[PDB]
Amino acid sequence: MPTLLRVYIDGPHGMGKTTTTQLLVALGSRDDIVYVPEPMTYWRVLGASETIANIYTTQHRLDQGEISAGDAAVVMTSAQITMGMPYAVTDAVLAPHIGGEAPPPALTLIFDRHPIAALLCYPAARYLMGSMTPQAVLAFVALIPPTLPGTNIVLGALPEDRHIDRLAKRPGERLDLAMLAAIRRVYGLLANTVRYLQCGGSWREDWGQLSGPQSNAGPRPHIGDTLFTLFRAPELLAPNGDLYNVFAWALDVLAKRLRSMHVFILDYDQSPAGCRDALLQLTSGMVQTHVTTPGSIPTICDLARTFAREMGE
Amino acid sequence: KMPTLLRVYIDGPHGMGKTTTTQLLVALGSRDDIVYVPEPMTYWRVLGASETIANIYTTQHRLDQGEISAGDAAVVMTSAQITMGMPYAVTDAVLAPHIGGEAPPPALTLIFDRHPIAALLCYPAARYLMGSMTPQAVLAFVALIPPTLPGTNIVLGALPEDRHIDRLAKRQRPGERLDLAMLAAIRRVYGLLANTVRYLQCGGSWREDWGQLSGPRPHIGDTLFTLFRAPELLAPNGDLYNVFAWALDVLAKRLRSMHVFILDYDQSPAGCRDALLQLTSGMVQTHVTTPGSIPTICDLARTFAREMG
Ligand SMILES: Cc1c(CC(CO)CO)n(C)c(=O)[nH]c1=O
Ligand SMILES: Cc1c(CC(CO)CO)n(C)c(=O)[nH]c1=O
C-alpha cells in the first residue's frame with residue numbers, strides 16, 4: 001500500500017504560515033504534494049457572512065463595554081463552530097483512508113491548520129480574552145475528532161516584536177495585541193502539553209501542583225506550563241475545590257487527543273525561502289501512514305483539490 | 001475474551017414518557033449489572049451555563065414575537081446546543097476506547113438518557129425547521145458526530161401527537177415553554193431520522209437520489225437528506241457545495257451503522273419499561289477492550305449520574 005504524509009501547519013496567525021506552505025508546495029510536482037488551504041471562502045460566505053470580521057468586531061465591542069461577556073461568548077462560540085467546520089468535515093472524510101503509521105510517500109498533504117485550531121486553540125485564547133466561557137472551551141475539546149495516525153503538526157516560533165511588526169502591516173480583521181499575546185501563549189502551552197504527555201505526564205497526578213516551548217525535545221514541562229493550567233477557573237471547580245467530573249473528563253479527552261500527535265517547531269524568523277527550506281528539512285522526521293485502499297491516494301488528491309477550489313481564496 | 005457490554009441509548013422526542021417510567025429505569029439500574037445514565041440536567045441548568053433550557057425557549061419565543069432577528073436567535077441556539085450536548089460528547093469520548101467489536105448475558109448494560117446525535121443533529125435540525133438555526137451550523141454539528149461504534153443501539157419513542165402533547169404539558173422542564181411548532185419539528189426530525197437509517201441500511205445513496213428532491217427503501221424526500229436541500233447550502237447553479245455534501249457523507253456514515261428500535265410510549269410506565277426489556281433481545285452487544293473496562297465504565301456511569309443528576 002502506498003504511503004501518505006500529512007502535515008498540518010498551525011500556530012498563531014501572522015507568522016508566515018501560508019507563504020511558507022505555498023513555497024513548499026511549489027517545490028514538488030503537480031500531483032505529488034497537495035495543499036489544503038485556509039477555507040476563507042467558507043468563513044466569509046459559505047458557512048456564514050464575514051465570520052472573521054464578526055469575531056474581531058465582537059471582541060472590539062466587548063473591550064469597549066458595548067456588549068456583555070455573555071453576549072460576546074454566544075457569538076464567539078457560534079463563530080468558532082463556523083470556523084472549524086471545514087477542518088472537521090475534512091478530517092471526518094479523510095479518516096477512513098488513513099491506515100497505520102509507516103521511503104518516499106506516494107502523496108504529501110499539507111494542511112493550513114488542524115481541527116484543534118478552531119476547536120481548542122482559538123477558543124482557549126478567546127477564553128483568556130474574556131469572550132468565551134471555559135465550559136464552552138471544554139465542550140469544543142470534547143468534540144475534537146479522534147487523532148488519526150501520522151498527525152504531524154508544525155507550530156511556529158517567532159519573536160513577539162517581529163510578530164507584532166509583521167502583523168502591524170499585513171478579511172475584516174483588527175489589530176488586537178491582547179489577542180496576539182493570548183494566541184501566542186495558547187500555542188506555546190499547546191507545544192508544552194504535547195511534550196508533557198509524551199514524557200508520561202498525568203494531569204490528574206499533577207493537578208495539585210496547579211495552585212499559584214518545544215516538543216519532540218526537552219525535559220518534561222511543569223503542568224503549569226501546559227494547557228491544563230487554563231482550566232483552574234472557578235467556574236469549573238466544585239465547592240470542595242476539585243474539578244467537576246464532567247470537566248475532568250474533558251481534560252482526559254484533551255490528553256488523549258494531543259498525546260499521539262507529532263509536534264514540530266518551525267522558526268519563522270527568517271526569509272520566505274528560508275522558512276520553506278527549514279520546513280522541508282523538518283518533514284524529513286515526520287510520520288507517514290499507509291492508506292486503506294489502492295484508490296485512496298487519487299481520492300485524497302481529489303478531496304484536497306476540491307476543497308482548495310471551493311473554499312480557498 | 002473480554003466481558004460483553006450492552007449499550008442502550010434511549011432517545012427520541014422528549015416529553016413522551018412519565019416520571020414514573022424514568023424512576024423504573026433508575027430502579028433498573030439499582031443492580032450492578034445495569035447502570036442508568038440520567039439526563040445531565042444539572043449540567044444544563046448550572047455547571048455548563050445558567051438555565052440553558054430557559055435560554056433556548058426564551059430565545060425562540062422572542063424570535064417568534066419578532067423581538068430578535070433570525071441571526072441573533074441562531075447564534076444563541078448554536079451556543080446553547082454546544083452546552084446541551086457537552087455531557088453526551090464527553091461521555092462518548094471517554095467511553096469509546098473501551099468499546100471493542102461486536103460479540104449469554106452481558107456483564108454490563110449501560111442505559112443512557114440520549115445519544116450525542118440528539119444534541120448534534122436532531123434538536124439542531126428541529127431548530128433549523130423553527131428558523132432559529134442555520135443549516136450550515138447543523139451540518140457543522142453533524143461533522144462532529146462521534147464515529148459510530150459497534151453496538152450503538154438507539155431506542156426512539158413512538159406516540160400519537162395528541163397524547164404526546166398531553167404528556168409534554170404535564171412534564172415541562174425548567175425554563176421550557178410548551179411550543180407546538182417545536183413539538184411538530186422535533187417529532188418530524190426523529191421520524192425522518194428513523195426513515196434515514198432504514199434508507200441507508202437498505203443501500204440508499206443520497207448522492208444518487210438527490211435529484212429526486214427536486215424532481216425497497218423510503219423515498220429520499222422522507223429522510224433527513226431532504227432538510228439539506230436548503231438554499232443556503234447551494235451554489236448559484238443549485239448544486240450543493242462540496243463541503244456540505246461531505247457533511248452529508250458523514251451523516252450517512254454515522255447513521256447507517258446505528259441499530260434503531262422503536263418503543264411505543266402509548267402505554268403505562270410499567271408497560272414502557274417492559275417494552276424496553278423486550279427490545280433488548282434484538283440489540284447488539286460488544287466486547288470491551290480491557291479487563292478493567294467494565295469497572296471503569298461503571299464508575300463513569302455512576303459518577304455522571306451523581307454529579308449531573
Ligand atoms: C483559525 C482562527 C483564527 C485565525 C485566522 C487567521 O488570522 C484564520 O486562520 N481566528 C482569529 C479566530 O478567531 N478563530 C479561528 O478559529
Ligand atoms: C437534547 C436536547 C433537548 C431535550 C432534553 C429535554 O429538554 C432531553 O429530553 N432539547 C430540548 C434541546 O432544545 N436541545 C437539545 O439538545
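Just so you know, these numbers use all the heavy atoms, side chains as well, and skip hydrogens, waters and symmetry mates. Counting convention: from 1, in listed order, for ligands and their atoms alike. In the text below, chain A, chain B and the rest are named by the order of the sequence lines, each starting its count at 1.
- Shown in contact with A:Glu38 at under 4.0 Å from a heavy atom are these atoms of ligand 1, numbered in order with element: 6 (C), 8 (C), 9 (O).
- Of all atoms in ligand 1, numbered sequentially from 1 with element shown, those under 4.0 Å from a heavy atom of A:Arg126 are 13 (O).
- The aromatic rings of B:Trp246 and A:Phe307 sit parallel, their planes meeting at an angle under 30°, below the 60° perpendicular limit.
- Annotation: atom 8 (C) of ligand 2 to nearest protein heavy atom, B:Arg114 NE, 2.9 Å.
- Protein heavy atom in closest approach to atom 14 (N) of ligand 2: B:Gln81 OE1, 2.6 Å.
- Shortest contact from atom 6 (C) of ligand 1 to any protein heavy atom: A:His13 CB, 3.5 Å.
- The protein non-hydrogen atom at the shortest distance from atom 7 (O) of ligand 2 is B:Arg173 CD, 3.6 Å.
- Applying the 4.0 Å criterion to heavy atoms of B:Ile56 picks out, from ligand 2, the atoms 13 (O).
- Residue contact check: B:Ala119 has heavy atoms under 4.0 Å from atoms 16 (O) of ligand 2.
- Note on A:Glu38 versus A:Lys17: no salt bridge recorded, every NZ/NE/NH1/NH2 to OD/OE distance being 4.0 Å or above.
- Ion pairing between A:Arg162 and A:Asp269 fails under the 4.0 Å rule for side-chain N and carboxylate O.
- The environment of CZ in B:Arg171 is crowded: more than 12 heavy-atom neighbours from other residues, nucleotides or ligands sit within 6.0 Å.
- For B:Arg127 and B:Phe141, the positive end is not near the middle of the six-membered ring at less than 6.0 Å and at most 45° from its axis.
- In terms of heavy atoms, B:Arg167 sits closest to B:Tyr265 at NH1-O, 2.6 Å.
- Closest approach of B:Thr78 to B:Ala137, counting heavy atoms only: OG1-CB, 3.9 Å.
- Among protein heavy atoms, atom 11 (C) of ligand 1 sits closest to A:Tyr56 OH, 3.3 Å.
- Geometrically, ligand 1 and A:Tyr122 share no nitrogen or oxygen pair separated by less than 3.5 Å.
- Between A:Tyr187 and A:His13, the distance separating the two ring centers is not shorter than 6.0 angstrom.
- Here is the list of ligand 1 atoms found below 4.0 Å of a heavy atom in A:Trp43: 8 (C), 9 (O).
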